[PDB]
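Engineer: Just dropping in an experimental structure and the matching sequence.
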Amino acid sequence: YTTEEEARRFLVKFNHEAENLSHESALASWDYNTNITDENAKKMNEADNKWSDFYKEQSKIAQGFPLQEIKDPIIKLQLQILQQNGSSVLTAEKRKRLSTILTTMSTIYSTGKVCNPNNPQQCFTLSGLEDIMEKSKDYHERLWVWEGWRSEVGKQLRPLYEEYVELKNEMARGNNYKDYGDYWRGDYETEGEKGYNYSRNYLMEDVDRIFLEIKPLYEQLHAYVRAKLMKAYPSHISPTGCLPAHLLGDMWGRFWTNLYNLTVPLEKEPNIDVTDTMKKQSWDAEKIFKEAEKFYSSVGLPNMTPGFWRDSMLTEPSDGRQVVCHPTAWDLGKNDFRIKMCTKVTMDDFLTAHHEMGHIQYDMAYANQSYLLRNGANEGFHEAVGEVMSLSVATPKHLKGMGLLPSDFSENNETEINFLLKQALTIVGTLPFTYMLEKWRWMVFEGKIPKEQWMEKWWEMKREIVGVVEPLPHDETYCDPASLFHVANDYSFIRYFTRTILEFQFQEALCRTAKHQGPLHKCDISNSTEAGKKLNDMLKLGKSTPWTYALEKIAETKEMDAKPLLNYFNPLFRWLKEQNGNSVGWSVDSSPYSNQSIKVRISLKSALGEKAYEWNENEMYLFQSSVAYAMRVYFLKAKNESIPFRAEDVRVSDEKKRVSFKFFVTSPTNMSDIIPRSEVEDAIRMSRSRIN
Amino acid sequence: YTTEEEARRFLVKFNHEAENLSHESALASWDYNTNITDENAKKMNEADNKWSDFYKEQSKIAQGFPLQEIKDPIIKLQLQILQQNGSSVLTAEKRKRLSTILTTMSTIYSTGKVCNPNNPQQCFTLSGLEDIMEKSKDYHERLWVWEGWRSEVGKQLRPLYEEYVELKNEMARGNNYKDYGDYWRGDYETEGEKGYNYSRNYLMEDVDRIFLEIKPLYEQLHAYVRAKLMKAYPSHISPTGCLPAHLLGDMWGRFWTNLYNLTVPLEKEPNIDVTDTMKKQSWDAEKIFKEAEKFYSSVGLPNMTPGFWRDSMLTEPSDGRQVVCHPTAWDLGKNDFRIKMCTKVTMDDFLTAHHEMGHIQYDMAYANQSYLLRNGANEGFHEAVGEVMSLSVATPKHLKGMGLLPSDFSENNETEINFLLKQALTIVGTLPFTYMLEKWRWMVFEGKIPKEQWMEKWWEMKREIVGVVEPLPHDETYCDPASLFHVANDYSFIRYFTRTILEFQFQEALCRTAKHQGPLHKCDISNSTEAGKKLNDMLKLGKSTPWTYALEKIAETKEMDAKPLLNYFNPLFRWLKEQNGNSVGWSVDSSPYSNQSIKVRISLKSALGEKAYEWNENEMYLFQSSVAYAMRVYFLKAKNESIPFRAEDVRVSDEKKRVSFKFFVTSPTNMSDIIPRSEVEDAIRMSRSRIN
Amino acid sequence: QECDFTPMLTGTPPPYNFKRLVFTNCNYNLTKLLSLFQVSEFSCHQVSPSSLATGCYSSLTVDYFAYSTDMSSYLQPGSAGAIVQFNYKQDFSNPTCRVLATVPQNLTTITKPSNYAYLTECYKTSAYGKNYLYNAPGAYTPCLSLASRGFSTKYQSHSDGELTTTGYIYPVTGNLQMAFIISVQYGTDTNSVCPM
Amino acid sequence: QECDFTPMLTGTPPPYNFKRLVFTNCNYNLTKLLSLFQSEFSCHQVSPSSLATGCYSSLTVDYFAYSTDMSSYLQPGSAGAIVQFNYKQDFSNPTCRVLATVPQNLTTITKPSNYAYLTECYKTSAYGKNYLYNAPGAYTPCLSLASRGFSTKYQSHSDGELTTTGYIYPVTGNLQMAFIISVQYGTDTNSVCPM
Ligand SMILES: *[C@@H]1O[C@H](CO)[C@@H](O[C@@H]2O[C@H](CO)[C@@H](O)[C@H](O)[C@H]2NC(C)=O)[C@H](O)[C@H]1NC(C)=O
Ligand SMILES: *[C@@H]1O[C@H](CO)[C@@H](O[C@@H]2O[C@H](CO)[C@@H](O)[C@H](O)[C@H]2NC(C)=O)[C@H](O)[C@H]1NC(C)=O
Ligand SMILES: *[C@@H]1O[C@H](CO)[C@@H](O[C@@H]2O[C@H](CO)[C@@H](O)[C@H](O)[C@H]2NC(C)=O)[C@H](O)[C@H]1NC(C)=O
Ligand SMILES: *[C@@H]1O[C@H](CO)[C@@H](O[C@@H]2O[C@H](CO)[C@@H](O)[C@H](O)[C@H]2NC(C)=O)[C@H](O)[C@H]1NC(C)=O
Ligand SMILES: *[C@@H]1O[C@H](CO)[C@@H](O)[C@H](O)[C@H]1NC(C)=O
Ligand SMILES: *[C@@H]1O[C@H](CO)[C@@H](O)[C@H](O)[C@H]1NC(C)=O
Ligand SMILES: *[C@@H]1O[C@H](CO)[C@@H](O)[C@H](O)[C@H]1NC(C)=O
Ligand SMILES: *[C@@H]1O[C@H](CO)[C@@H](O)[C@H](O)[C@H]1NC(C)=O
Ligand SMILES: *[C@@H]1O[C@H](CO)[C@@H](O)[C@H](O)[C@H]1NC(C)=O
Ligand SMILES: *[C@@H]1O[C@H](CO)[C@@H](O)[C@H](O)[C@H]1NC(C)=O
Ligand SMILES: *[C@@H]1O[C@H](CO)[C@@H](O)[C@H](O)[C@H]1NC(C)=O
Ligand SMILES: *[C@@H]1O[C@H](CO)[C@@H](O)[C@H](O)[C@H]1NC(C)=O
């Protein structure tokens, strides 16, 4: 007589009291975020402590209920989400150790600093450092700063990260999952039945196929970028080699947009600039919001409730309480919607406001489902919904048709090319990097490669896929990949790729209904209702259904594809086909320090036999010291100069145990290419068996 | 019809007009010091620029007048003071170089920084570093911080200081002076009143005799301090050796007062503490000044101008115009006087107020003399006048007799001993240091010591006179003496010794008139007039006369002596004679790193001659690396640890080029080695001809 | 007798609350109607107010509701806001007239209410979801019941049995404003309100 | 005639400046003297009551703008500038010093803009500057260019080879002033007689 209605009643029970408490917690958080005061910290603490206490008590009382007896998928999803133990199966000491090490890593990342030998009393933090990286135009200084930051941050992050990954893998193994990689992979499909055969492991080959398909366009773009880059820095780029890592204009290389200034086809044609009209009209902060509301209502979706316009944060507080301008779409529930942002008069502000309003209007549509299901189907839809509208609104034709941008502008067959190139330098540039980083993190996690091969694997990979070569050889003690942000905060880093694909997937699918004629980049979401009906049908589902069902609802396909993406870039592909029609590709061998080093052949230990020994480190020590002494005496021999060469002036590289070395020497304080081959060759020839 | 009355007319045209600009300029400086604003800054600029304009035009128009034709000493003094070329005889390029290097030295000193390998993200400046040195009581930490600051500051001050000394010597030579030392000595010099003979050279032997006489008391005090120090840090102080430099409590050792806590004979007897009376009565800032005025007038000196009491800076302004609380006694002239200080209720504030009152009294007592003579006779009187009164007012008997400190206190024969010890730990501690530093600077400037021996002499001296031994060997590249304050600001440093003698020189002679009975420390300047008359006779003379005559007026002697000083300490001397009556002295050989080092002297070169060459500061590198490798393999072979021994881990010591020297090894990251002799001896014996 | 609504000027207007009043054979003057209040704004469903000055027919429908000026923009039915399905129904019937008013101070009998209050979410809770009820013509917010308790805080909410209610409180500043609805019923009968 | 000083209530009192007032055989009542003003009186060991009888040589009435707090320094016990560089504190036949804070009843009295007392008037020379001092019966012999006036703090001006520098004290609230009564012994024609 129990069946599963006991679950039904228990569900109703937490439904009664979850919403209100969530409301007070969220309003306390907003109150802090608006006004910064000490008492607000105590308020949030006394709210969140009891909020988490309610989480823990309800979880511990909900654990005993069985799962295999559940038949209805709707309640089964909620029960499976709820009936989770996770880290609770871990003993306290290691849990607190994990928390402490995570906090230590965050703190050590937050307080970096790199200082030059020339003026050791002046130097920067990450902010001014990034500013210099963005503005500077000197090869030497940029290489220097990148190397300095990487060395300083890496040297203090090896053992901590090693222990972190060890403990995480142990936790994942103890949580019934094969590896932490599985645990992250235990999401983002986690379903499929009666029409859907797919499981967790299939994602690997899905992304592999997608990247393989997308490769050629990126290869062509890379060819063009390499061809153009040699203008700025001659005698540094091999015609068939890769590119220096530090020359990608950004700290890491996640975005290439900053290179646009250098790859502009020509400066003869000015771009679109209509800031004058709004600046002279001086639109109020509310005018843009009202216009955006009119635009969105033009497609049929319901407009926001009047109560929203009262409780809001449209303008600058103009009060002593300092606030941050990072746009946010606070969804408090119970039809309490608020937007936090400071408003100015710029196109970027316009598109950001449109994005935030898209966020909030998507959130509104599904308010009546439940509490636990108040979420997106995956990690990509929520941002995709805003991104599609943001892409649509920027089209010049609509801007001309809505009142701004008068008809005194005749577009040509090159301006759209410039717009497409600008979009491509960001939409596609980050895909190889994201793929490479995610793959490397996975394989490190499950333990396929031992710890000692981390850095030797990393640079090989960067040579293979992305097409970037290290500026200077790096030994094993470094921990380059930890210098990033998302690496040091244990944030899942797969959403970006799938989000970028689904964006254009939805764009093409929806534009299909509009019955456009020309290239997809000219599509519009102007007056229409069937498109709005389809969009509402998509959004209202929420988390109650598998996402593949949603794609079938619009995309009518059970999987993703790059065909819409390449179709959207077809004019760009044809334009680029006429510029690099002779050569394209790379070789994973060449490098800047390739024509400068010396072979330094190695004699076999067994050939010597007597008085022979394996390195066990500590011996290239002697080689470096001896060659440094030889160089010091060499300069005194005829050059009559007093350069105090040091021990760490010899660069080990490309070692195979007892099989080979390679090295070259650099000046104490101007390490770019100095001390060419001939000088060191003469110096080493001069000396005698005092070395070997 | 010329004679020298033309000089009289010139001096009239000078004195009648040289005023009425200083007043306004100093008023602007006062306004800036009280009000911090940019308008005040530009006021100071526009005032001082024309002030220096007037100075330089007066100088350039006054140069042509002859000197040998002047017979009256009074006018001759003013003419000699006004007529001088100085740096004007230098080229513009050298002058700007000197200014730039001085500014660079000041800037680099003001922005020091040191911090530990353990927590590199946090580092300190001098302000908190001095506090850490003052409070910290850890041998390891204090030695570490001292070494770090010394290294960091010294490494960036060698070439600049070399250039500075070279240029200063050149310019001094170009100004008709043998050496810069002579130029500095030109301020103590004075002519004779037909029975006085005082040349610059005589000063050296005078100070030498004074120091030789004073030595025994300092020797006994040093014996007691050494005997006491071993309580805190056992197994660090040789019974007959010197003391570590970093253990002198203060950053450099310029004062010893901070050791009082450790050298207190016993804590059973509480000291004088009468803060309660004025803390509960809350003496206002005005009443302390009024009482000090009453005290000063009691001896017969004229009281301050009534107009003063309004225009002053007695209290805190209590506004946003931030001010600094350094006590100053500004003499604006034209009977305009001001005292600048923030007043609290403490004994130290009381004595500082009395000191400033003495300063202003002495300054005001003379106003009839011409402008150019409105200064002290030498560099010592102007502070000696205040210091003598400050010493006099601190006596407990007077404080009892003036209303405070009721008669409910019976002094014993030990409390006065504690007071005398407290005074001695500051009055006498700094004399050896000052003498040593001045001698070193003199000899370096004149040029007997070549540059290459700059640092080898300093530590010898510190072993000889003061009685301090370095904690770790220091090579030639260091620049220890420039890490101080006055050295980096080119301020003459000899005044302190003469002033320190002169306070007691005056005290004894003046108390002679009062007809005291007991020890001089019980003397008083209570109600009386003849002493005031003598003081007026001393002060009113001004700069119009040689200072030896001033001493003869009250001191009635042509030279200074330490006999009053030792007499003042006679009870202290007899008390200490009963504590170290067996052993006292030191040997300039012992050192902390003496029983833990091994000679290395093999005459490899001179023994054979072939395949070896003279030491060229380079093969030292080979030896360093070789011994580091030997230690590495010695640890790895059996101890099984990973200590990446560096190159900078072997300490080179005294050198003669005679193939003999010592050293010891140190841990990579502790700066305090243990590494007994046996281990390093075994490691070096294990190795083979790979090294030598 | 006369079709007069004199006792209307008594005090606080209905906040979700509603009323219905009807008259009999009578005579009503246009002069008093004009003198009721000055011209702020009136919108009639394609019926001239002047033509209404003649003709005795079934009945009128007079009601005054607390409101505000700006929200009259959203008064016009062009969206599914909470005002129509989750608050007082915007009932559509025989052509009617809507009037906005800002009452002057000299009518001292009227009492200014403490604060405005319009419902946001009243619904019959269920297992899977919320199961929103939607207002219908001739229903007047069927939720009612526990809504009589009152509202005291922002987003104040309370539930009884299995009905849950929550509303919004709008503080009042300055002079208040009123909204008048005059819905008409045609046909001459005993209930008919006659002119003069 | 009546030894009356009615025109004293005329306007601004003398600032270094001085004047001489004397009378002849007359009658004077103590009632008007008492009604003149209410604050502190100090006589040179002479009872004011005993002065109400007897006709003899003359009185010495003079009124000088001044401040209450500086009256402490008024008493000669120091070499402050008030005596040797400002109005002489002449000592003679026992006199009387009185302090006053004049009310506003009689508007004829005019409040001066600011007070002014000399600080340094001297005879400039070659080595020093001849800090000459005031003497009894001299009334600040410097004078001369001091009549020009003072405008700024520590304002200074010199003429020929005489240099002068004074102080300007802003006045807040009701003005304050002092009397001096130095009487001359002996009965004669100019003697002031009581009644
Ligand atoms: C490090 O050495 C490089 C190589 O010589 C220097 O770069 C040169 O800088 C000059 C400046 O006039 C340029 O004209 C040359 O073309 C540069 N050479 C190369 C190969 O790029 C660089 O300046 C040195 N850096 C420092 C700090 O001394
Ligand atoms: C400045 O003036 C003072 C007095 O204010 C002079 O002091 C006099 O000096 C003479 C010298 O012969 C003595 O005879 C007097 O007795 C001193 N007078 C007092 C009151 O002490 C002082 O000499 C003057 N200075 C100069 C340089 O002329
Ligand atoms: C450097 O080595 C010294 C060796 O003495 C360490 O000093 C000792 O540290 C231990 C604890 O490790 C204490 O118990 C001893 O009292 C210390 N002093 C001795 C034995 O004389 C010192 O801690 C080391 N430095 C660091 C940073 O670990
Ligand atoms: C949440 O609200 C949506 C609003 O669209 C409801 O959608 C309704 O779905 C039913 C069938 O389940 C249709 O008959 C209605 O026409 C839909 N209403 C629309 C499109 O406005 C949805 O059912 C609600 N969910 C729950 C659990 O009540
Ligand atoms: C989760 O952890 C809890 C608490 O230890 C335990 O009772 C339960 O069996 C675990 N397994 C699942 C599937 O929840
Ligand atoms: C999917 O199909 C494969 C291949 O037949 C099969 O091995 C697997 O069990 C299927 N999985 C599901 C969930 O149907
Ligand atoms: C790019 O060039 C523009 C002008 O075309 C300039 O304002 C801007 O600073 C440059 N840098 C970046 C990063 O855009
Ligand atoms: C919809 O049609 C109206 C008709 O007036 C037109 O003004 C408006 O621009 C159209 N909107 C869009 C988005 O095309
Ligand atoms: C100073 O310089 C001037 C100007 O060149 C010169 O006449 C004079 O001899 C120099 N010497 C002295 C001592 O002033
Ligand atoms: C000091 O005495 C020496 C030695 O007799 C003599 O040469 C010198 O001239 C004297 N100096 C003075 C200033 O009297
Ligand atoms: C000395 O000891 C006293 C207590 O006797 C303490 O307050 C003080 O901090 C110590 N240090 C110094 C430098 O006086
Ligand atoms: C000097 O003696 C007088 C008269 O007894 C007394 O008032 C005064 O305080 C004494 N002064 C000192 C400094 O003791």
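Structural biologist: Happy to help now that I have it. Numbering: from 1, shown residues only, chains lettered A, B, ... in the order given. Ligands and ions are numbered 1, 2, ... in the order given.
Engineer: and the closest residue to residue A:274 other than its chain neighbours, what does it touch?
Structural biologist: Using CB to CB, 6 or more residues apart in numbering or on different chains and skipping the chain neighbours, the partner closest in space to residue A:274 is residue A:405 (5.6 Å). For the C-beta atoms, the positions are set from N, CA and C on the backbone; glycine is no exception. The contact partners of residue A:405, by CB atoms under 8 Å, 6 or more residues apart in numbering or on different chains, come to A:272, A:274, A:396, A:399.
Engineer: what's next to the host helix or strand of the last one, contact-wise?
Structural biologist: Counting by DSSP states H and E, the secondary-structure element that holds residue A:399 is helix A:396-401. By CB under 8 Å, 6+ apart, the surrounding residues in contact with helix A:396-401 are A:272, A:274, A:392, A:405, A:406, A:407, A:409, A:411, A:522, A:524, A:526.
Engineer: I'd guessed the last one sits against residue A:295; true?
Structural biologist: No: contact status for residue A:526 versus residue A:295: not in contact, 9.4 Å apart, counting by CB atoms under 8 Å.
Engineer: Please, where are all the helices along chain C?
Structural biologist: Counting by DSSP state H, chain C has helices at residues C:30-36, C:72-75, C:82-85.
Engineer: could I get those as JSON lines with mean neighbour count and distance to ligand 3?
Structural biologist: Below are the helices of chain C laid out as JSON lines (neighbours: other CB atoms under 10 Å in any protein chain shown; distance: least, CB to the nearest ligand atom, whole Å):
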{"stretch": "helix C:30-36", "mean neighbour count": "11", "distance to ligand 3": "92"}
{"stretch": "helix C:72-75", "mean neighbour count": "14", "distance to ligand 3": "72"}
{"stretch": "helix C:82-85", "mean neighbour count": "18", "distance to ligand 3": "68"}
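Engineer: Is it possible to get these out as JSON lines so that each row also shows distance to ligand 2?
Structural biologist: Formatted as JSON lines, those follow (distance: least, CB to the nearest ligand atom, whole Å):
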{"stretch": "helix C:30-36", "distance to ligand 2": "101"}
{"stretch": "helix C:72-75", "distance to ligand 2": "93"}
{"stretch": "helix C:82-85", "distance to ligand 2": "97"}
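Engineer: Which neighbours do residue A:526 and residue A:295 have in common?
Structural biologist: Residues touching both residue A:526 and residue A:295 (CB under 8 Å, 6+ apart): none.
Engineer: Just confirm residue A:345 is within a strand.
Structural biologist: No: counting by DSSP: H, G, I helix; E, B strand; the rest coil, one finds residue A:345 to be coil, located in no strand.
Engineer: is stretch A:182-197 up against ligand 5 anywhere?
Structural biologist: No: with CB under 6 Å from any ligand atom as the criterion, ligand 5 is not reached by stretch A:182-197; the gap is at least 12.9 Å.
Engineer: Spatially central residue for chain C, please.
Structural biologist: Geometric centre of chain C, nearest residue: residue C:65, 3.9 Å, by CA atoms, centre = their mean.
Engineer: Can you spell out which residues form a bridge with the residue nearest to that residue when sequence neighbours are not counted?
Structural biologist: Excluding its sequence neighbours, the residue lying closest to residue C:65 (CB to CB, 6+ apart) is residue C:179, at 4.9 Å. On the basis of DSSP bridges, residue C:179 is bridged to residue C:65, residue C:100.
Engineer: pretty sure residue C:179 contacts residue C:102?
Structural biologist: No: between residue C:179 and residue C:102 there is no contact, the gap being 10.6 Å when judged by CB under 8 Å.
Engineer: Let me know the secondary structure of the closest residue to residue A:481 other than its chain neighbours.
Structural biologist: Closest residue to residue A:481 apart from its sequence neighbours, by CB to CB, 6+ apart: residue A:487 at 5.8 Å. Judged by three-state DSSP, the three-state class of residue A:487 is helix.
Engineer: picking that back up, weed out the non-buried ones from the contacts of residue A:405.
Structural biologist: Buried subset of these (neighbour count, 16 or more other CB atoms under 10 Å in any protein chain shown): A:396, A:399.
Engineer: Please identify the one among the contacts of residue A:405 that lies nearest to residue B:279.
Structural biologist: Comparing the contacts of residue A:405 against residue B:279 with CB to CB picks out residue A:274 as the nearest, at 73.0 Å.
Engineer: List phi and psi for the closest one.
Structural biologist: phi -120, psi 30 (degrees, to the nearest 10).
Engineer: list the contacts for residue C:79?
Structural biologist: A:297, A:302, A:303 are the contacts of residue C:79 under CB under 8 Å, 6+ apart.
Engineer: from the residues you listed, which would you call buried?
Structural biologist: Buried members of the contacts of residue C:79, counted by 16+ other CB under 10 Å: A:297, A:303.
Engineer: and whichever residue of the stretch 301-450 of chain A sits closest to ligand 9, what does it touch?
Structural biologist: For the stretch 301-450 of chain A, the residue closest to ligand 9 is residue A:322, as judged by CB to the nearest ligand atom, at 62.7 Å. Counting by CB under 8 Å, 6+ apart, residue A:322 makes contact with residue A:36.
Engineer: ok, now how distant is it from ligand 6?
Structural biologist: To ligand 6, residue A:322 is 53 Å away according to CB to the nearest ligand atom, to the nearest Å.
Engineer: ditto for residue A:487
Structural biologist: Computed with CB to the nearest ligand atom, the distance linking residue A:487 and ligand 6 is 33 Å.
Engineer: ok, how many other residues are close to the residue nearest to residue A:481?
Structural biologist: Residues contacting residue A:487 under the criterion other CB atoms under 10 Å in any protein chain shown number 19.
Engineer: excluding its backbone neighbours, what's nearest the closest residue to chain B within the stretch 551-692 of chain A?
Structural biologist: The nearest approach of the stretch 551-692 of chain A to chain B comes at residue A:625, 3.7 Å away (CB to the nearest CB). Spatial nearest neighbour of residue A:625, chain neighbours left out: residue B:625 (3.7 Å); criterion: CB to CB, 6+ apart.
Engineer: list the helices and strands the strand or helix carrying that neighbour packs on?
Structural biologist: Secondary structure assignment for residue B:625, by DSSP H and E: helix B:619-634. Helices and strands touching helix B:619-634, by 3 or more CB pairs under 8 Å, 6 or more residues apart in numbering or on different chains; DSSP states H and E, are helix A:620-634, helix B:677-686.
Engineer: pretty sure residue C:58 contacts residue C:185?
Structural biologist: Yes: using CB under 8 Å, residue C:58 is in contact with residue C:185, at 3.7 Å.
Engineer: Can you flag the buried ones in the contacts of helix A:396-401?
Structural biologist: If you count burial by 16+ other CB under 10 Å, the buried members of the contacts of helix A:396-401 come out as A:392, A:405, A:526.
Engineer: which one of these sits closest to ligand 1?
Structural biologist: Out of these, the member with the shortest distance to ligand 1 (by CB to the nearest ligand atom) is residue A:405, at 46.3 Å.
Engineer: where does the closest one fall, helix, sheet strand or coil?
Structural biologist: With three-state DSSP as the basis, the three-state label of residue A:405 is coil.
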